[PDB]
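Down below is the structure, laid out as structure tokens.
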Amino acid sequence: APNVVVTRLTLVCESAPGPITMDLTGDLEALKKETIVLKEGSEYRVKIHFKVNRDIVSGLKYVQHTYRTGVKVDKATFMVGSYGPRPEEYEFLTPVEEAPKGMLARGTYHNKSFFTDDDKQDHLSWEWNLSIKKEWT
Ligand SMILES: O=C(CNC(=O)[C@@H]1CCNC1)N[C@H](c1ccc(-c2ccccc2F)cc1)c1cccs1
């Protein structure tokens, strides 16, 4: 078992009718078929769940690349920092942001996320799809 294990991604959104989350311990190829849905203009935070099993780590970073077909990538990096080993998973949350809005904001976006560090370790790399819709349903 590696020292850092990424376990889950959650979109924290007070107005969502239900939990928006994905298990990151499973088959990564199957995560693409699981699309998660955000109402346009919704306020959200990205929450990354992870475990540190053996040794203090430093310089943890969450990197999130968002692709719409035919458009330059929308890139964001977030410093996560230093964490020591413990049985319970940790939770890191990005600052609050707003999903885009308007009919032209709707559609599917293809994300690729990286949980890494200062030593450029590939703790996890994974793809997931986001659908922006006019309504939650
Ligand atoms: O729209 C913008 C730029 N403008 C703003 O982000 C404004 C900032 C304040 N309101 C909106 N990027 C779009 C974008 C859409 C979805 C996400 C996304 C990713 C993960 C989780 C939830 C999300 F929503 C991120 C960015 C595009 C990406 C690629 C081509 S276009």
Side-chain angles (χ1 to χ4, degrees), residues 1-71 73-78 80-137:
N3 185 44
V4 179
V5 177
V6 180
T7 59
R8 179 168 298 281
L9 176 146
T10 299
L11 292 193
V12 180
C13 175
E14 271 254 37
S15 72
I20 304 167
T21 188
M22 74 200 36
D23 185 355
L24 291 182
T25 68
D27 184 299
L28 297 188
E29 295 313 316
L31 279 161
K32 281 185 219 37
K33 277 174 179 330
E34 328 178 9
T35 316
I36 52 149
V37 171
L38 222 43
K39 185 176 175 176
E40 55 178 310
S42 290
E43 284 194 327
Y44 71 98
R45 290 184 272 171
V46 184
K47 177 157 70 164
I48 303 299
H49 313 232
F50 62 99
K51 266 178 194 163
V52 184
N53 288 315
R54 284 201 290 300
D55 322 305
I56 293 164
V57 297
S58 68
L60 291 179
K61 259 160 63 154
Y62 175 59
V63 177
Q64 185 180 277
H65 291 189
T66 301
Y67 286 93
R68 168 179 260 189
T69 310
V71 190
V73 65
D74 201 310
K75 303 199 271 199
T77 296
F78 306 88
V80 176
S82 288
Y83 290 84
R86 80 186 200 180
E88 322 101 89
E89 72 191 11
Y90 293 102
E91 295 185 354
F92 167 78
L93 292 88
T94 65
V96 168
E97 322 104 293
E98 215 179 276
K101 41 168 217 73
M103 168 302 287
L104 288 174
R106 306 169 189 149
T108 308
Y109 299 82
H110 312 283
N111 303 283
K112 186 131 179 211
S113 295
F114 310 86
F115 204 74
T116 186
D117 56 32
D118 35 9
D119 299 333
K120 312 292 182 290
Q121 294 300 105
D122 180 27
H123 299 308
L124 195 62
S125 298
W126 72 100
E127 297 179 53
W128 53 288
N129 290 328
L130 168 82
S131 305
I132 303 263
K133 308 214 251 217
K134 189 194 156 85
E135 311 283 350
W136 288 106
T137 46

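Atoms within a ligand are numbered from 1 in the order they appear, just like the ligands themselves. Numbering starts at 1 and runs along the sequence shown. For the numbers below, each heavy atom of this structure counts, side chains included, while hydrogens, waters and symmetry mates do not.
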### Query
Apart from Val5 itself, which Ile, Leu, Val, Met, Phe, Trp or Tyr residues share its cluster (side-chain heavy atoms under 4.5 Å, direct or through members)?
none
### Query
Does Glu98, backbone or side chain, put an N or O under 3.5 Å from an N or O of ligand 1?
yes
With atoms numbered from 1 as shown, which atoms in ligand 1 lie under 4.0 angstrom from a non-hydrogen atom of [X]?
{"X": "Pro100", "answer": "1 (O), 11 (C), 15 (C), 24 (F)"}
{"X": "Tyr44", "answer": "18 (C), 21 (C), 22 (C), 23 (C), 24 (F)"}
{"X": "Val71", "answer": "30 (C)"}
{"X": "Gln64", "answer": "19 (C), 20 (C)"}
{"X": "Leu38", "answer": "22 (C)"}

### Name of the residue among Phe92, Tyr83, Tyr62 meeting ring-ring contact (aromatic ring centres under 6.0 Å, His included) with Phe50
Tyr83
### Query
Under 3.5 Å, is there a donor-acceptor pair between the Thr116 and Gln121 side chains?
no
Side chains of residues 126-137: which donor-acceptor partners sit under 3.5 Å, not counting sequence neighbours?
from	atom 1	to	atom 2	distance (Å)
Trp128	NE1	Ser113	OG	2.9
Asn129	OD1	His110	ND1	2.9
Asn129	ND2	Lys32	O	3.2

Which bit of [X] gets closer than 4.0 Å to ligand 1, counting heavy atoms only: side chain, backbone, both or neither?
{"X": "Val46", "answer": "neither"}
{"X": "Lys101", "answer": "neither"}
{"X": "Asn111", "answer": "side chain"}

### Message
According to a hydrophobic-cluster definition based on side-chain heavy atoms being under 4.5 Å apart (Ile, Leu, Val, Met, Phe, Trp, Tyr only), do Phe115 and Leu28 belong together?
### Response
yes
### Task
Would you please determine whether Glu97 falls within less than 4.0 Å of ligand 1 on a heavy-atom basis?
no
### Query
Within a strict 4.5 Å, meaning less than it, do heavy atoms of the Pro85 and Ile56 side chains meet?
yes
### Query
Which of the listed options, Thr66, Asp74, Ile20, holds the heavy atom that is closest to atom 17 (C) of ligand 1?
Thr66
### Message
Please determine whether side-chain hydrogen bond (donor to acceptor under 3.5 Å, both in side chains) holds for the pair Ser58 and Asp118, giving the CA-CA distance in whole Å, both sets of side-chain angles, and the decisive distance to 0.1 Å.
### Response
CA-CA 7 Å; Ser58 68; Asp118 35 9; 3.1 Å; yes
### Query
Thinking salt bridges, do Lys47 and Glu91 make one under a 4.0 Å N-O criterion?
yes
